[PDB]
Every structure is written in structure tokens, then in C-alpha cells.
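Engineer: First, the structure itself, so that you have it in front of you.
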Amino acid sequence: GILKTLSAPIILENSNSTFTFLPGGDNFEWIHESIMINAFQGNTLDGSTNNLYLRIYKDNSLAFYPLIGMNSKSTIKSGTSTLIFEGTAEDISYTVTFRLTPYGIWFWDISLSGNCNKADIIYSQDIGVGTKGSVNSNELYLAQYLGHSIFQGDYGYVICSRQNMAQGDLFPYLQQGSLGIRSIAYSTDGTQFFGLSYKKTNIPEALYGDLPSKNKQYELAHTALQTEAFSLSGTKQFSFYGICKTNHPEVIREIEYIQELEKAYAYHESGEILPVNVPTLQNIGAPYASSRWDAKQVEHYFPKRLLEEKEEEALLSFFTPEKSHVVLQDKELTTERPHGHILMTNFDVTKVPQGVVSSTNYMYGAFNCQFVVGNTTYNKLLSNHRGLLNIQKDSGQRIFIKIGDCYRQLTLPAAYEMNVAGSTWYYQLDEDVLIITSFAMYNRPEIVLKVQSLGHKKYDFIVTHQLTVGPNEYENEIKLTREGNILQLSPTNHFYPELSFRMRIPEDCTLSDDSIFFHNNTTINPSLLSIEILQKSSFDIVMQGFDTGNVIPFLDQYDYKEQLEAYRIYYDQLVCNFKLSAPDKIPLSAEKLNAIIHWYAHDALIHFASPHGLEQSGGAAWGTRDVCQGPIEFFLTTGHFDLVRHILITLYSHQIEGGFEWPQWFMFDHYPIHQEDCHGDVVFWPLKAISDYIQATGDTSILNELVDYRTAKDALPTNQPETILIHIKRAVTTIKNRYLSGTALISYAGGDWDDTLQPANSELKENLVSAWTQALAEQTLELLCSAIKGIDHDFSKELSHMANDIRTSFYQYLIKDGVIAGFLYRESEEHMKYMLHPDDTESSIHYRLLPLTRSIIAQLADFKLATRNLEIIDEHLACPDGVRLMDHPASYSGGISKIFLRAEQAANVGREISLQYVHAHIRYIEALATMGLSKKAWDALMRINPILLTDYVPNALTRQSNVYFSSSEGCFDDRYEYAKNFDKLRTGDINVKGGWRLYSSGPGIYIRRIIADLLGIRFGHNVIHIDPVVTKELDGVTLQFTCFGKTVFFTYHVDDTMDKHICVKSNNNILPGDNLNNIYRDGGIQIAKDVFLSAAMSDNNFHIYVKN
Ligand SMILES: O=P(O)(O)O[C@H]1O[C@H](CO)[C@@H](O)[C@H](O)[C@H]1O
């Protein structure tokens, strides 16, 4: 059976514009030239995000009626470039005429005829304003760079918008406003229009009130305009309009295109505008959100709770002894980002895995989005989740349940419980609880949905699936065969020709597309795979993925518990059975590490094996710098050494021929895709990681492995392998080649760690020097020197000379008045200027975090400089929510870049522009740990710990507690208010909120901080290093940890009165060893493996005595 693709059947066209609609008149794709104007494509069940709302005010009510789209019940006529919507609302006849003119200008002309006392209109439009590619790739990210300027025009508010991230060279533009009626209020983000409450009510919150008239620069670019209120007794007429320009290189300063708009307003098409058939839903109601559980219900279903989060004494979330995190309804209605989770199949932990299965789900009834097998972009069965508020709610796997006469789509449950192996939703019904579980199979490429009525009551269900079978919805035809209760789905390819999926469905279910939702049984979307299941108290759908066609029979039985238990052991072993305990009350911070470790282990494992996140659904590839940080640090900390060796070989095989640097990112599977343009820090990371591998393992053989390169343009193997050592030599030449003349100052080139600080021109590219890059290069080439020492003496000597020269240029050029400058700009020896240093008095930015922490971490900063670094942090960068990247925001003047690219283009205060990018705060922790500053280090660890965050950082707004957040951003509506009131961040006088979730190096590098740097357990070549940096409160606390395959119990004692720094005892015998080198403090102890293990055979409780 062949599934066709959805094509939007209403197709309006006019000079350089194609605007398409679904048959209910819902927006599909509005394209002007090559710019997509809307943010979200409509779907055949929900319609589209945009609308026009008629509201009617009475003495005891307010009513609101959508005028367009399939939720309006308007009839429709169309021409070549016109739609006419007609209908009535109470006592008002309306017509809405949509005009697509030749000018990249559209109108919604509204005519109202009737009697009523008080009415208004609300205009509502989601806006993307990017290429189709950019909008589809990430709506949220596109929104971040879409800057809105508000003016008063002839008819009140007019919203102008400039897209500040280049779209195929161009900076596109929108303008929206009203004609013939005053817009008396406006909003610019979907959070303002729909509100968080939408996630329960399914009703846009703004419809009950006035728009706020504030420009909120967030992630749901969404323009709303509210008319002045009016009486009706007769006919009233007015319009809304939009203008799209594909290139507006200047910043917005005023309302433009007034003459053009007047010309476009006079435009009407000559052709007949004729009736078209409009489909209508049949027995489909409003969505069903659960009633909220009260205290006694929660107590009943979850008798065993820990780490309870409460606000105003209402329970928001908690953890359980069985390693679950549970989220109550009320919490989801207070988090701006939607609670969600990623499931992933276990793999062999000694090799780079292939064909890993994964699925994403969210608390608000998105049960399974983006089911993939291997490649998280291309090898996909179910469509991606999009947005934040579930306005469009048809993606992936959804469930309809019959309540009374009507099928009703499940949205918000009473509770959502996550475990690393699965997600459970609890929906309160009338005298029943419906329990939905979506869970991963152990050892099998499967995700299973289970639906179960707690009281064994029967119901009718339709389970819908937005298929892709490929990277995108609506892109390709689908082969669907059915044998009994097994469906097989495959595309109708080049690198995964056997790609297929199977679903086992319940035994007397019926199969359709969206036809069953409609009165006429008309198919509109043929790729909506619908499963109607009648009169069942329970059922399941088993979903299998096969990237290489290794099809396996279904099991008879699919049991969540067994999977849960197998994954729990997998995760325990993954973190070497980490567990903190004490005889007395364990400290809260330890309790937080026990609860978070396996969650961060899961997040890190996803980042490694199945690279994608919640907001960042588009991934698939390894980032070169990323795989060297998050996964490698996680795996080196936990002794997954064979895995790191394999990672590193794969990594080196992706080095690019000719240029001999690395791509920014690359697919690690059979898809030859990479980004050959890289930032200037990227080359250092494979060099550092291989060195850290060699130091940890003694495995110098890796340097003799014969490994290929990839071609720049095609990402194909070059079939000219060389030893990894020679790979390294070539990389190192590229570094030497970046010396500025007369110096060993490494050119900035494409940028450093901070992806928002790409150089805005060629001169800045050539002549900037990043102090962080410089420090990283020094550290990397020193580590390289040591790692290669025993193998190639001469190269090791050259590496030493290089590191030394880089060190000398660092001290000689990048430091003034004891302050390490963020950057030096050097045209030549005669023309030099510090930036991100106090001397740059023309700039607002005088201090940069990155070099301060890298220089400490590398032991490059001498003790004095390192101590100065910490003072600079305390005085200029430390905030209650963590340490900031800079002491002031980057420039923003309407979106054109001057020095830095994306940092100067982002309209939204978020991601790196927030200045608290958590990854960098974790490096701060690493630096503190190097300096032995245990009180600052543990305090910093807690400030970014999502568990009970709001109890610890009073101005932090709550967020999902069992997942990593990548940034912390002040609640500032725009860049100008951010700059003006920046100091509020330092004193906690503005609230801060969480950024993007899960997909980051953060969780892995956090885990390393915990284990290696603070608890102080590090593995070396036939040695264990013991070097705790802990507080008095860890005194009497024990870490259980598996060391070289042996479970040990490290009990901490903090003794300020010791003669020595460190002492390690087993059965009262002091373990012999050597002190570690550390220029800032007394070093830890290196104990031989055989000695350590021998001691552990008799008494595996090791007592560590440490003085701060
Ligand atoms: O969001 P993440 O993964 O924590 O980190 C992201 O931003 C950082 C700062 O620009 C980069 O160094 C990473 O390569 C990128 O993935």
C-alpha cells in the first residue's frame, strides 16, 4: 500500500508569492520569494496557529469566535489570489476576504453586518520570516533573531520585524497593522497570546483580556493586534495587512512602504471567486486535559517521595526511591518550557553505537515524537515536536479517547512520571484513571505504548501517527503493508536502503488516514496513520526500527518493569555504581547528586549516542568540540576507556584532507555529511582529548592506528590513511600557521568556544586574538607533549617549544594591570588594542570569564594571576544564578553586527546572549576545584543543579528538575532593557529562567566535576588519583564507586589539623603513593593500581583524610 503526500489544495498565487492553505482555510505555507512568513504549517485536525477573533462583550459575558480556519465554521470561496470566508457569529454576519496582492502584501478585509453593543477584533499571526529550511529546522531559534520594532501609524500599533540572522544572504522583513480601524494594543510572542494556561484549557489566554502592549522577544514570534471596541448597527469594514520584504539590510527606524501599501490596498483580482468544499470534523470534541490531583490523591498514587518541590505549599514535583521524577499538573502550567523526555535504547558500551533507537515525549500528551533508528534526522518514523505550547498538537503519536459522544484528544495529565527507561502519564477521568506508558525495550530496537484503564473500564480510542519515513512530514510517499496485526513501513534510501519500521497493533483495530475525523470520510492528510480501537480497557502499540533491515519477531509479552530493571542496572554500571551515603542525615547537596547523576548520565549518553534534544530536535551529528567534551569526559571519568578509544579513531577519520583541520560537526554513521567550515578553537579539541585518553590509559598504541581522512566538499573517505600521530602533526602545522607575525599569538580565525562571537569581518578574523583560545592552545600542546614524549622524542620537543612560545605570548601580550583581556586586536606590533579588558573605555564590556577559567584549569595562570582572576569573577561576573560570560551584554543596535555576529544579532535574551551559559559555569567549577576552593566549588555546583533550584537561588524560576538546562537568562523582554538593567542580575533583583534542555556537553562535564574534581576520584595509567575538594559537610559521607572493576567505599574525613594534605587508609594501613603536582595548593595522591586493589581485597572501605 502506498501512502501519498499531503498537498495543500488551496493555492493562492501572485507575483513572487505562493500562499497555500488547507481546505478549512488554515495556513499551510506562505512563501514570498523564498521566505516563509508563517512559523508553523497548519495540520488537518487542529488547523493553524493564526486566526482572526471576533469578540462580543455583554453585561455578564465575553464571547470570542474564530473567523477563519477549520475551527471557524466559515464557508469558503476562492480565486487565484483571493479567499472569501463567510459565516455568522451570534447576531453578526461576517465576511473575511483574504487578498494576496502582487506586492508581497496581503490583506484580511473584514466586513461585519449586524447589531451589537460592544465588539472587537483580535488579529493573531505566528511569524517565521526565514527560509523554509530555517523555519522547519528550528522555529524557536529563528524567533530569537527576529527583532520587532513597534510604532504608532495612522491606525494605532504597527509591528515591523527584521530577521537578523542571514537567510541566503538576505535580512528579511515583515510589517503588520490595521487599516480603517485603530489597533489599541499588541503583543509579539506566543507566550503573551496563548499563555501557559493554554496547555490545559486549549484556549488562548489573551482572548479574555486586553493584549499587554509589550514586545516580548522570545521563541514564539507571534504578532497580535487588538482593535478598538465598537458598536454595530449596520455594516462596518476594516482591514489587517502584512508586508514581506526579502531584503532589509538596514535596521528598522520607522514605518516604511506607505505608498506601496496604498497601491496594494486598491488591488483586486479579475477572476471568478467560487465556492470550495470545506471539511468538517465529525464527533471530535475539544481536547481532554485531566482534572488536577489533590494532596490525598497524590499521597495515594505516590506514597514514597523525596526532594519535594512546593510553591505556596502546593506540590509541584518530587523524586521517588525507584529513581523516577514525577511532575504534577500545576508545575507544567508554571514552566515556560514544556516538560519532556527522551528515551533511548541501551548499546554496547565498549564501541561507538549504530542504529540506536530513540523517541521523544512531552507531558502535554505528545506520547512519541521523532521515533528514530540511528540518524536522528533521516532515519525517522514519526514527526518532530515543535513549539512550546502544543497549539499544533498533531505531531508524532497522539491519543483520542471517546468521552460521551465525542472523540477528545488527550493533552495535560494530572501527573507525568519519568524514568530513564520510560514515561508514564496519569489522566484523571470520571471514576477511573487512565495510565499511559511509553517505554524503551532493553536489548531491542523498540518503543512500546501501553494504555491501561486502572479500573479496567472500556473506552474507544483513536491513536494517530504523523508519519515521516524520512526526515520530514509531507515530503515522501510511504510504503505501508499489513500482515495480520503487524504493519511494515518503508520509503518508496541511498545510505540506508533497507530502512524500515514495524508496528504491532491491537487485534481488531481499524486502520485509516485522517478520513475518519471528517464528516465526508474525505482523506486530506494521507500520512496521518490512524488506529481506531473500540471497547478496550487496555492495549498496546509496539514500534520497531530497523536501519539495516535486521527485522526481528515481536515478543509475545511487553513488560515495562523488566525493562525498567534492566536499564537501572545499565545506568548504575555506566556511573560505576555511584552512591553517596551517611550514617546521620545525608546533606541535601549529596541527596541532589544521587538523584541527578543517572539523569545527567542519560542526558550525556543521548548527547553522545543519539544527538538531539528537546528544543534542539535537529542534531544527528557529532559536534567536533562537543564529542571531545561531554562524552569523552564522561567516559574517561567512569573508566569506559575502550569506548573513548573507538570514539577517538572515529573522530580522527573525520579530519579533513588538505586543510587538515576538523569540520565543525560530522555525521558518524553512513551519511557523508559535515560542516567543513569550522571555528578556530575546534582543532584543539581532538588533540586535547587524545592526550587525556593517553594519560588516563597509557594506550600510546592509538597513535599508530592507520586512519583515513574525509574530503571537504563531499565528506567522503579519501582512501589515503595515515597514522594518528601524522594526523596530529598535520593538525599542529595548522596551529603553527596561525601565529601572528613576530609572535606565537594564535589567530582567532572562525571564532572560539562561544559560537555567538564569530568575527563580523575579515580584519577581525585575521587580527583578533582570543585569550581563551590562546590558553587552550597552551594547555593542549603541553598535554600533547607529555602524551607523545615516549613515542616521538623530537616532536614532543617541538610541542614543548610551541606550548612555551604560546605561554610567553600569552603573558607578554594578553594581560595588562593583572587583568587578562578577553581579546587583543593586533593589525601589527604598532597597532594593537585590548577588547573585553578595562582599557577598552570606549566599549561597555570590560571583563570576560572564559580566559580566567581556562588559564586556571590549565595551571597556566601563576598563583597571583589565578587569585586575581577569582577576584574579577567575584566583583564583575558572579551572580546568584552562576558566573557570567562577560560583565555587560554584547552590543545591540537593531540587529546589524559590528564586532561579533550572532551576539549582536539576537533579539532574544537567551542561550549565550544570557551570559550564563551553564557549560562555562561548569568550567568555573573545574577551575575552583583545581584551586581547591571547596566552599565556592560546591556552592557553584548547587547553583546550576535543577533539583530544588528555587530553594537555593531565590530569583530562579522553576524549570524541569530532572534534565539539564543549558543557560540561565534574566527575564528581560528585549536587548535594550537587558543592557540598561543588567546589574539586576548581579543582585538577584530580576528573575532568571532556564534555557534549552538536555542536549549539551554540560551533563557529562558536570558528572566529571562531581566525580573526578570534587569527590576526587580519577583514573590513570595503572594508578588511581585521589584528590578531593570537599566541604566539611562531606565529612562522614561515603562514596560508593566501582574502581577497576572493584566496588569500593570512600569515606571522607575533613581534618583542618592534619600535618599533611591528604592521607588514604584501608583497615588502618596508610596507602603509599606520590603527591600530585598542583601550583595553587597541596596536591592529591597517586596510588598504584595493584596496591590499591590489594588493600581493597581485605577491606574495601577506604578512608580519605583531607585538609582544606
Ligand atoms: O548548548 P551546548 O551544547 O551546551 O553548547 C553549545 O554552545 C557552546 C557555546 O557557543 C558551544 O561551545 C557548543 O559547541 C554548542 O553545542
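So you can find residues: chains in the C-alpha cells are A, B, ... in the order shown, residues in each start at 1, and ligands are numbered from 1 in order.
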All residues within 8 Å of ligand 1 are required, counting only C-alpha atoms and all ligand atoms; please report them as a list in words.

Structural biologist: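 If we count only C-alpha atoms and all ligand atoms, the neighbours of ligand 1 turn out to be residues 623, 624, 625, 626, 752, 753, 754, 755, 756, 757, 911, 912, 917, 918, 919, 966, 967, 996, 999, 1000, 1001 and 1002 of chain A.
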
Engineer: Name the residues in contact with residue A:40 at a cut-off of 10 Å, using only C-alpha atoms, excluding same-chain residues fewer than 3 positions from it; report them as a ChimeraX atom specification.

Structural biologist: /A:27-30,36-37,43,48-50,126-128,135-136,139,386-387,391-392

Engineer: Taking only residues of stretch 864-912 of chain A that have an atom at most 12 Å from an atom of stretch 1077-1088 of chain A, what is each one's shortest atom pair and its distance in Å to one decimal, using only C-alpha atoms, in chain and number order, as a tab-separated table?

Structural biologist:
residue	atom	partner	partner_atom	distance
A:864	CA	A:1080	CA	9.4
A:865	CA	A:1080	CA	10.7
A:866	CA	A:1080	CA	8.3
A:867	CA	A:1080	CA	9.2

Engineer: Would you tabulate, counting only C-alpha atoms, all residues of stretch 508-534 of chain A that have an atom at most 9 Å from an atom of stretch 282-306 of chain A, showing the closest pair of atoms and their distance in Å to one decimal, sorted by chain then ascending number, as a Markdown table?

Structural biologist:
| residue | atom | partner | partner_atom | distance |
| --- | --- | --- | --- | --- |
| A:516 | CA | A:282 | CA | 8.1 |
| A:517 | CA | A:282 | CA | 5.8 |
| A:518 | CA | A:282 | CA | 5.1 |
| A:519 | CA | A:282 | CA | 4.9 |
| A:520 | CA | A:282 | CA | 8.6 |

Engineer: Set the distance at 10 Å and use only C-alpha atoms: which residues neighbour residue A:1011 once local chain neighbours fewer than 4 positions away are removed? I'd like the list as a list in words.

Structural biologist: residues 575, 578, 634, 637, 638, 1006, 1007, 1015, 1016, 1017, 1018, 1028, 1039 and 1041 of chain A
